[PDB]
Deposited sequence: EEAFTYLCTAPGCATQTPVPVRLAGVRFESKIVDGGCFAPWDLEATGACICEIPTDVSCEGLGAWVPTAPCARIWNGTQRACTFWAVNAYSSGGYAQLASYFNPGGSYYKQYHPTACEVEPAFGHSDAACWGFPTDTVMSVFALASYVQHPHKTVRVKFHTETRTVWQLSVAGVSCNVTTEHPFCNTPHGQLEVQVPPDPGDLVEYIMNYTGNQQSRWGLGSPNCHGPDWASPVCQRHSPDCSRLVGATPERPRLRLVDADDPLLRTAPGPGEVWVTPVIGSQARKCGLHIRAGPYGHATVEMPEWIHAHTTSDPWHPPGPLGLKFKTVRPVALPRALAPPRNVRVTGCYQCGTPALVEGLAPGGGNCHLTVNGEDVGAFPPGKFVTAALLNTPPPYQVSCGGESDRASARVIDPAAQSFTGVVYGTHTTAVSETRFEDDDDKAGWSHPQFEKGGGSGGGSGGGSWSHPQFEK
């Protein structure tokens, strides 16, 4: 027997008793595709209005509310909007008197429907609106939601059962060593490679295509707390699932209100009228408390919280040199059931042929070796259907009922609004 340490860096190589070169470092894993992730981005807009508008919507408020921000925020997740009557019509109009602004504004809404909340704000300062011949007319609109910014959306794949692959060249012969397969054939013997433990789970952040790497689950309780993984989750990059912030809490806060000496809490939006430089016009100052107490800057977060390549321990590898030395037909009636890249092992069943043990592959993925006859195995699959099955020789097409990770995420649940009807007696 012989022994030598092999370093893990590019250029690392040993010469005796048989040369072993470190050709590269890669990894194997059982992928769990989480779909799309993004930060919870609280966005707000509105307008200070020297009028009592009759249509509280983006189109109805087009004369005052910024067009593009209104449309974008209106389409956001957990939308909240409030229309406050600061000083209503003293006479005339159409459902515009102060009496139409009862708490909840049902009287105004009866004649002027809106998806927004309507509230009286009498007693709040109307100083922002000036230049009226008689009484001042003033209202305030606020709109907020959690907007999903495309540039802040990342595709995330969780890597489980991670195995560092130490790509070696043993006297010119390729050998890929892992904790699962640490043996290599040498010209006249066997090489057993002592390897460090695997690094545990990895996080693959995909932006578009470039992949960036995290080490861990991630840990939402540590320095990586602002990871999009810890925030908005969309398995199919369309529909939201799981934990969701409450609808934003909108408040009309006058310029001299002592509340302005404090910061808004997460999800809180405070709006303050600004006196107009023009008659019958006014501005609006907005203060919003971001979810998680901070606004995520995606390129900056990725740059500091990820690496260009997956992490691996420093080594070295222990090369143990020894004088020791250790069915090709396709499998039949193979059926694959479950999901792929999902984290739940799929069921692989079929008939292994004669000649010896079938070293079973499913689209080239090693799922184990089986003696001739019926076999059943639970395998974590990384490839989608169709499935080409082999025992190391010719391949055959397996039968499959396999769903994708997004479909798996929606299996066992009934998505959306749950409705019931209470009948009259």
Gaps vs the deposited sequence (1-based, no CA atoms) are 1, 210-213, 332-336, 436-473
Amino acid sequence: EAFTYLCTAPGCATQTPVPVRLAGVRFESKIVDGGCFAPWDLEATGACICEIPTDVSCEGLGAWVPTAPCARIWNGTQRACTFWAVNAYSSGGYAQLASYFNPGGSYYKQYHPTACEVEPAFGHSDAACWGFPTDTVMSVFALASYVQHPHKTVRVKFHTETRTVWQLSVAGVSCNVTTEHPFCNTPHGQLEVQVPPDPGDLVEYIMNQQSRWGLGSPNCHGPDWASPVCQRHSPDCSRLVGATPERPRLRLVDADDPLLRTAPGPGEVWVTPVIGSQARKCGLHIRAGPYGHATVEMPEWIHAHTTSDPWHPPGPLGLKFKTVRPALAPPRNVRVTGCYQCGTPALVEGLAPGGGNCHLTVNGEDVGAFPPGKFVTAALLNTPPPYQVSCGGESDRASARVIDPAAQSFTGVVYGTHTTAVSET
From here on, numbers count along this sequence of modelled residues.
Going by the entry, of stretches 387-395 and 24-32 the one with greater average Cα B-factor is 387-395
With B-factors read from the PDB entry, the higher C-alpha mean of 356-364 and 36-44 is in 356-364
Among 79, 335, 163, 212, the highest C-alpha B-factor in the PDB entry belongs to 335
Note to self: of 290, 222, 133, 200, the C-alpha temperature factor tops out at 133
Entry-reported C-alpha B-factor of residue 413 relative to its chain, by third, is lowest
Residue 328: C-alpha B-factor third of its chain, per the entry, is the highest
Assert third(CA B-factor, residue 195) within chain per record equals lowest
Of the three thirds of Cα B-factor ranks in this chain, residue 268 occupies the lowest
Chain thirds by Cα B factor, record data; residue 180 belongs to the lowest
